[PDB]
Amino acid sequence: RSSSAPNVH
Amino acid sequence: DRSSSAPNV
Amino acid sequence: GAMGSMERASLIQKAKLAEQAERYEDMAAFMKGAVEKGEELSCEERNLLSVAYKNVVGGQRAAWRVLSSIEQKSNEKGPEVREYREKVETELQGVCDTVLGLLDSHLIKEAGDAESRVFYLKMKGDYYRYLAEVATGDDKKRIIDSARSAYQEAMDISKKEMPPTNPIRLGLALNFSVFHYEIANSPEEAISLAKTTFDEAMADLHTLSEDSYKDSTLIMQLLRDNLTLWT
Amino acid sequence: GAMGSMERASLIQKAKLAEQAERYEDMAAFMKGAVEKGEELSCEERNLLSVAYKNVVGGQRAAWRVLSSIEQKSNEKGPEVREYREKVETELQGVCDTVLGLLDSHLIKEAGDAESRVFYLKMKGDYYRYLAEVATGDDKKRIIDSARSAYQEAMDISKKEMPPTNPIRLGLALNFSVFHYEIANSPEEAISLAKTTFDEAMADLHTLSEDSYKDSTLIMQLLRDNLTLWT
Ligand SMILES: *CC(=O)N1CC2(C1)CN(S(=O)(=O)c1ccc(I)cc1)CCO2
Ligand SMILES: *CC(=O)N1CC2(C1)CN(S(=O)(=O)c1ccc(I)cc1)CCO2
Ligand SMILES: [Cl-]
Ligand SMILES: [Cl-]
Ligand SMILES: [Mg+2]
Ligand SMILES: [Mg+2]
Ligand SMILES: [Mg+2]
Ligand SMILES: [Mg+2]
Ligand SMILES: [Mg+2]
């Protein structure tokens, strides 16, 4: 699977 | 430290 | 109940799916519906029930501890920490009451094999212990007496009907020892029980069954870990 | 709503508490309640809202994928796998509908800086995209067009109002390219947008801000991984 923006901070 | 109890087997 | 219209076999099947999906609130609801059919639970099903509610309440306890720590560290602010801690506390108590109700209403009984009777009474002691962790005042004293009686009753059965290496016997003794030490302020009772439990298991370790070696030795190591912590 | 009586400041404070307690359902409820006060959210509060709903929906997405995978293998046993999958699907759709309604009713507007406006339209595209992952039929085609429109409108703003290294611009471009590839069956558009975004960021590296450099680079790192996967 492609990577989406991560759940950061 | 907390005492350890039985874990999730 | 929300699960009353579903067949028992489908509830067990969905509990297993929910475990694979790590949906432990769902898993517990499914297993509560299975219990309420009023049929006996197998060893495997008891493990599903136990895994589901331990994950749910375990997450609440971790949360309650985080918030309680912040709350105490605001006593060295507004009411928000207490309110949110009380909110999580109330939810934790609801899940414990749900487990205790299932145990009282459906699962604890005089019939059945030793594994089942000891497991349910241990669970009763454990969920009174989780209530005790957040209780205060005269409520806390009542809860502690209830955990103890449940645990003792489990211990009496386990000593008569189970070998000293049985993982359910061992896990019960470990949790009872934690109760003594962390809840009932009886460190000597805790230390003594862990020591006797370890020793009697170690003296029979050569008799271990392949289906049980892993569990037994891990619980034994936890007993020793606690003794190192308490002495 | 259950949060209508609570002060805005207390809702934000408890949202931060719920994040420390890893109580993401609670955190989302608190931030929905804060959004509904009708005041604008700061960057820090937008991060609280985003982290909260992404954790909730992300857990449902992972669960839905596990269950959907198990369901595929009865094409390789009763309705239970499908039923339980449909139950998680419905819950996922409810949460996405909740986020989209907040975005439409309160958050998307003409005012505010570009980060805010780009963030909310990006979020709208993401939650239409999550709906698309489970939609099946004439519903799905509409959802895909809605995601596309939200992303494009966000893209227009970020290109006119933000430097090519802004972490929100990058994250928007990353997710839009994911939409093209995984949802809209448009691999060429995905590589081109990903490459152009990566390239133009690399050519304008001087626009990096130390307080956001780490964020920017992580998204660029991910664009490169995606191009490596897609080519
Ligand atoms: C066979 C049966 O009744 N089982 C219930 C169990 C398997 C054991 N319990 S427990 O709480 O007694 C326990 C034993 C060993 C270990 I390591 C952890 C917990 C938990 C549910 O599964
Ligand atoms: C300042 C502001 O509005 N923010 C919202 C954000 C900080 C950024 N978003 S995001 O989805 O644009 C994103 C950017 C970089 C990374 I690494 C992950 C996500 C998420 C919430 O916080
Ligand atoms: Cl609260
Ligand atoms: Cl279901
Ligand atoms: Mg039946
Ligand atoms: Mg001070
Ligand atoms: Mg209270
Ligand atoms: Mg006010
Ligand atoms: Mg559905």
Side-chain angles (χ1 to χ4, degrees), chain A residues 3-7, chain C residues 3-14 33-40 45 64 67-68 71 79 81-94 131 133-137 139-140, chain D residues 15 19 27-28 31 40-55 57-58 78 80 99 103 107 112-127 129-130 150-151 154-155 157-158 161-162 165-176 178 197 201 208-209 211-223 225:
Chain A
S3 279
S4 60
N7 209 18
Chain C
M3 299 300 164
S5 63
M6 220 195 287
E7 247 155 26
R8 187 187 188 281
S10 303
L11 288 163
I12 297 298
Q13 180 178 348
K14 282 181 188 179
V35 175
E36 292 175 334
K37 310 302 188 179
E39 299 314 314
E40 266 186 299
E45 294 168 340
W64 187 92
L67 298 174
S68 199
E71 188 178 13
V81 167
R82 176 181 54 72
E83 295 171 338
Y84 187 43
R85 191 266 298 154
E86 284 172 346
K87 171 181 171 81
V88 170
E89 176 173 313
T90 291
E91 263 166 60
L92 181 157
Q93 289 164 320
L131 288 172
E133 287 176 342
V134 311
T136 69
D139 188 32
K140 181 181 188 167
Chain D
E19 183 183 34
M27 186 188 180
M31 298 292 314
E40 325 77 59
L41 278 66
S42 79
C43 174
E44 178 182 35
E45 299 169 331
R46 294 193 298 265
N47 178 73
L48 288 173
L49 174 77
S50 171
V51 167
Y53 275 110
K54 193 165 278 331
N55 279 105
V57 71
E80 287 91 356
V99 167
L103 284 163
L107 296 173
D113 60 5
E115 300 203 324
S116 72
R117 287 176 267 113
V118 172
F119 170 74
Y120 290 132
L121 290 155
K122 173 193 167 286
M123 177 172 209
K124 179 172 183 192
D126 289 339
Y127 280 84
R129 168 164 58 96
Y130 305 147
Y151 280 139
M155 281 285 286
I157 302 180
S158 79
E161 293 191 46
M162 288 163 23
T165 53
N166 176 286
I168 291 181
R169 179 168 171 178
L170 292 180
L172 155 65
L174 173 72
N175 288 9
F176 195 11
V178 170
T197 297
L208 285 162
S209 304
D211 55 17
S212 35
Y213 162 66
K214 280 142 137 224
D215 292 5
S216 289
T217 39
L218 202 140
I219 301 289
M220 276 174 328
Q221 213 102 345
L222 264 43
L223 287 169
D225 301 358

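Values below: every heavy atom of this structure, side chains too, minus hydrogens, waters and symmetry copies. Every chain is numbered from 1 and lettered A, B, ... according to where its sequence line falls, protein lines coming before strand lines. All ligand and atom numbering here is 1-based and tracks the order in the structure.
For the pair D/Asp215/D/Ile219, no side-chain contact is recorded, criterion being any heavy-atom separation below 4.5 Å from C-beta on. The side-chain heavy atoms of D/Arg129 and D/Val178, taken from C-beta on, include a pair separated by under 4.5 Å.
In the displayed structure, C/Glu40 atom CD is contacted under 6.0 Å by at most 12 heavy atoms of other residues, nucleotides or ligands.
Contacts with ligand 2 closer than 4.0 Å are made by side-chain heavy atoms of D/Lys122 only, the backbone lying farther away.
For atom 12 (O) of ligand 2, the nearest non-hydrogen atom from the set D/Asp113, D/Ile168, D/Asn175, D/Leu172 belongs to D/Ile168. Closest heavy-atom approach to atom 14 (C) of ligand 2 among the candidates D/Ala114, D/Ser212, D/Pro167: D/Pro167.
A donor-acceptor pair under 3.5 Å is formed between the side chain of C/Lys37 and the backbone N or O of C/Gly4. The backbone N or O of D/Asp126 lies less than 3.5 Å from a partner atom in the side chain of D/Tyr151, making a donor-acceptor pair.
Atoms of ligand 2 found under 4.0 Å from any heavy atom of A/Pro6, numbered from 1 in the order shown, are 18 (C), 19 (C). Residue D/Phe119 has at least one heavy-atom neighbour below 4.0 Å for each of these atoms of ligand 2: 5 (C), 9 (N), 20 (C), 21 (C).
Between D/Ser50 and ligand 2 there is a heavy-atom distance shorter than 4.0 Å. In this structure, D/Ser116 has no heavy atom closer than 4.0 Å to ligand 2.
Ligand 2 has an N or O atom lying under 3.5 Å from an N or O atom of D/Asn47, backbone or side chain. Considering backbone and side-chain N/O of D/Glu115, none are found under 3.5 Å from N/O of ligand 2.
Of the inter-residue distances, the one linking D/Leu172 atom CG with D/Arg169 atom CZ reads 9.0 Å to the nearest 0.5 angstrom. Annotation: the span from D/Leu170 atom CG to D/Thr197 atom OG1 amounts to 7.5 Å, rounded to 0.5 Å.
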